[PDB]
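Chemist: The structure that follows is given in the form of structure tokens.
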Amino acid sequence: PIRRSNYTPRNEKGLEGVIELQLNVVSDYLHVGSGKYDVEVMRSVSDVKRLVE
RNA sequence: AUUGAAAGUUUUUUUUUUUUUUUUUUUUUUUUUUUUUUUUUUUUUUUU
């Protein structure tokens with residue numbers, strides 16, 4: 001079932017801090033998409049000066 | 001029934017003319033439409 005407990009105000013002072021995690025992939029195959037289906041142009045060759053298009 | 005009387009104090013004459021209640025006198029002098037308010041929270045680019 002659901003425990004309908006009263007909410008805690010955000011202004012009330014509890015504990016504040018930053019914890020740094022470390023995410024590791026164990027199965028060497030991880031993909032999270034972004035909806036894109038095109039190239040990423042990694043090298044980004046800018047050799048259009050001598051021949052422009 | 002007088003000594004004994006019968007006569008309008010009347011006719012006629014415009015209190016009228018000249019003269020702008022006028023000139024000058026700015027309903028203005030000052031005053032910030034500012035002032036506190038996070039366009040914020042919820043949502044796994046994803047399966048037979």
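Identifiers in the structure tokens: chain A, B, ... in order shown; residue index from 1 per chain; ligand index from 1 in order shown.
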Counting only C-alpha atoms (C1' of nucleotides), a student should be able to say which residues of chain B come within 10 Å of chain A; what is the right answer, written as a PyMOL selection string?
Modeler: chain B and resi 44-46
Chemist: Please, could you write that set of residues out with C-alpha atoms (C1' of nucleotides) as a PDB file, in the first residue's frame?
Modeler:
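Once written, again-v4.pdb looks like this:
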ATOM      1  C1'   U B  44      14.654   7.185 -17.852  1.00  0.00           C
ATOM      2  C1'   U B  45      14.528   8.631 -26.135  1.00  0.00           C
ATOM      3  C1'   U B  46      12.389   4.892 -25.681  1.00  0.00           C
TER       4        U B  46
END
Chemist: Report, in Å with one decimal, the straight-line distance from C1' of residue 47 in chain B to CA of residue 31 in chain A.
Modeler: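 Between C1' of residue 47 in chain B and CA of residue 31 in chain A the gap is 14.6 Å.
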